[PDB]
């Protein structure tokens, strides 16, 4: 199914999806570029709800747990059911530069209500103020804290992980760190939503181009790279590009991606290697889907959401 070539042709893109993408492109090309206004101003504009996209409401159910990290306290954002059936450890996207733990409360609340999972979203340090390995260090600190304390805090030891884009990257990096550095392979499932797994940039990431500002341009990836990775690094390092890693004994994973995404190849490649290492692996490909398409209205996003939430719910009983 996800390798049906028809899935990748223009004909498979619904009228609704094409129209949404066209409007998003226009919206983004009309508004000031984030790289033109600079990082801090771009964050500040999103903060006061002034960005291309309308602000995202915060849940009154959200509460915060400060845990210790290498660079100080790390904020863990919590949305919990009355009786948690497990934990969803979540990492926001934003190219290791933008986004926040409190930037997607509606989604987290939806996940928690449907799955019965307590959602824990991590405020990991952001580049370029705090380049690699700061972000990954904080995500590892969170995962470690959960393994140690989830029973006490939430009355459960069932752990899942997930994230969008750079958050998907971080989810994979964190899984591999927990296995390699701490001998822990106890996560039950991984929700990897259009993540970046090869920071050398896969073919589709290099060739997507900038002529069409559909959420994510090749330019954006190049800028994220410059912020996140010091000159000192080797992008082939498995801690930097999880696609390069030995993937043995990883949890079941769902890879969710649209065909109109610069990072398409990242999900296709990571899926293939995930399966080839002997793990359970599902690839869900959505025709015409933009990068970040699951946040938008419309039937295509709704279908991806149903699939992802059902995937997470599976690991609870």
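Numbering follows the first chain given and starts at 1.
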item	value
Average Cα temperature factor in the PDB entry - higher stretch of 78-86, 137-145	78-86
Stretch with the greater mean C-alpha B-factor as recorded in the entry, comparing 227-235 against 101-109	227-235
Residue, from 194, 213, 184, 96, that the PDB entry assigns the highest Cα B-factor	213
Residue, from 248, 291, 273, 48, that the PDB entry assigns the highest Cα B-factor	48
Ranked against its chain, the third holding the CA B-factor of residue 266	lowest
Chain third (lowest, middle, highest) by recorded CA B-factor, residue given as residue 198	lowest
Assigned third (lowest, middle, highest) for the C-alpha B factor of residue 64	middle
Assigned third (lowest, middle, highest) for the C-alpha B factor of residue 208	middle
Assigned third (lowest, middle, highest) for the C-alpha B factor of residue 123	middle
